[PDB]
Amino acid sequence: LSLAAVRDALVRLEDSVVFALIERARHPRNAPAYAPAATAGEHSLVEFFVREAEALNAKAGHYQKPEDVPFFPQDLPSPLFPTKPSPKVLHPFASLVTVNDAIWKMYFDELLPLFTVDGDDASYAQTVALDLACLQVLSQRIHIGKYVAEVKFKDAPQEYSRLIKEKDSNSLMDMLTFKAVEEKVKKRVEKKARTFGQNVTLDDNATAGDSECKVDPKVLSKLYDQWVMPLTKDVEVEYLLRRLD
């Protein structure tokens, strides 16, 4: 709908990502929570939890907005409850894009080792809820790329449609990319990790660098640079390619 409204939604999720990483970092790696199951049909604890959690959310009316995308879509029940009609702001077919399969692999294989200490407390059930909270914030921010794409498309429609007709993802990627905004996002996300992960005490005693921080602010910089922003841009490109259907 609005250039500024979409940007505000993204900025606000910077705080939600810092928060969610800080809270999950309260526990160690807790690897038994992710160990796989002996059989098919039996799952790991984290998969069992998410599949069950997403079914409950679906009954409560979740996943009816294009930025709210589940990790396990096939099994999902209908909402049990009355649902307000969609605003319908995006191209419907281009809206069905999902990179959740990639967010999942990224979180467990690459993210978790960066902000989570080696070790094991018994708190597997608490841990997997905190993982789902991380996976959901990441996935909402990344799939807002659908609105980012629409908003850019409507701003320069003749220039974008020319590239869509020629199926030219590489040139679409270049036009989408605002590298100077990306560098601001990374610095601000670093500053947010510094502000929220700080040990707040009533004295304002000096601290040596980020050694006091619950999550290393360079991790937030690195997450955004390597995964969040590249996967959001993947979503815009996939959206834009379908935007003329």
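Note that residue numbering follows the sequence shown and begins at 1.
Peer 1: Tell me which of 216-224 and 200-208 has the higher mean C-alpha B-factor in the deposited entry.
Peer 2: Higher mean C-alpha B-factor in the PDB entry: 200-208.
Peer 1: Hey, which bit's got the bigger mean C-alpha B factor in the entry, 69-77 or 136-144?
Peer 2: 69-77 has the higher mean C-alpha B-factor.
Peer 1: When the CA B-factors of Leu176, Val181, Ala38, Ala55 are compared as recorded in the entry, which is the largest?
Peer 2: Highest CA B-factor of the listed options: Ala38.
Peer 1: Looking at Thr127, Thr83, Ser169, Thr98, which has the highest Cα B-factor in the entry?
Peer 2: Highest CA B-factor of the listed options: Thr83.
Peer 1: How does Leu111 rank on Cα B-factor within its chain, lowest, middle or highest third?
Peer 2: Within its chain, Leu111 is a lowest-third residue by C-alpha B-factor, going by the deposited values.
Peer 1: Looking at the C-alpha B-factor of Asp155, is it in the lowest, middle or highest third of its chain?
Peer 2: Top third by C-alpha B-factor.
Peer 1: Against its chain's modelled residues, does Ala122's Cα B factor rank lowest, middle or highest third?
Peer 2: For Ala122, whose C-alpha B-factor we compare with every modelled residue in the chain, the answer is the highest third.
Peer 1: Comparing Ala102 with the other modelled residues of its chain, is its CA B-factor in the lowest, middle or highest third?
Peer 2: Within its chain, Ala102 is a lowest-third residue by C-alpha B-factor, going by the deposited values.
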